[PDB]
């Protein structure tokens, strides 16, 4: 059954992203595993590499939102067996440095340039070689491959940030801008049982937020909202104007989470941040264990990743759409 050749989309600084019908199907070494891709997602991050000069390496199959079934396992591999359904952990940490093993494999220096679909081969192919089974998460039986894949980033990232902020049933948080992880952030936040107030200019966003379970929805925060009264602020747009709002409404000892691509630099009022001991925390993707938590929240139905499916050979057709106007959520491709 297992072929010796396969098709996939390999990225190259020259020809860009093109289809390859003569790609090899690597046989796993002792300690490695071969994953048969079932669902692979697409998002703006891929656009950065293909058009915004974001260099994550060269000559590698793209697709960082993987979900599939183990096709073959090398000897010594006892934690996984053929048939096991798992989702890939993007950062793909080395698992040996102090960062990995330190519970933060998402900021691994050695894995830099070796992330799934972003430096190292990804899911835009039929069979992916997993050099380090450590960066995988078992997919619950009630969770489909399309959903799982749609959680590897659209849910994992916001989840990581939410947990980093130590949100609880007593948390009073503010979210700036829905859509683009903002939506899934609403669900995740509410999963911790926290009160959620949302701010967004776009019309749809608010209606969507209100639908997702947002306790508060505004196009502009009223005056009845006392400044410095929110325990946590997540800025999904991350622009000076929006960052200023966070610092204004974040309560003393509170936290500001700039999780947007707004501007390259952002300034903060030192006097205020110092006197009220405000804290700015950086957040990137998610950790391996975080993915296990996310898949559990999805399995429990606490987070509903909304996505549509299509065959992988339609990727080019969808990459163009995302470049112009995009849609509302994500689309996973079936190899």
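Numbering follows the first chain given and starts at 1.
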Review point. So 45-53 or 266-274, which one's hotter by mean CA B-factor in the entry?
Key: 45-53
Revision key, fill the gap. Of 170-178 vs 211-219, the stretch with the larger average CA B-factor in the entry is 211-219
Review point. Looking at 247, 79, 187, 157, which has the highest CA B-factor as recorded?
Key: 79
Check your understanding: Split the chain's modelled residues into thirds by Cα B-factor; is residue 58 in the lowest, middle or highest one?
Key -> highest
Revision key, fill the gap. Assert third(CA B-factor, residue 201) within chain per record equals highest
**Study point:** Ranked C-alpha temperature factor of residue 36 among modelled chain residues, by third
**Key:** middle
Exercise for review: Sorting the chain's modelled residues by C-alpha B-factor, tell me whether residue 299 ends up in the lowest, middle or highest third.
Suggested key: middle
Practice item. Tell me, lowest, middle or highest third: where does the Cα B factor of residue 161 rank within its chain? Key: lowest
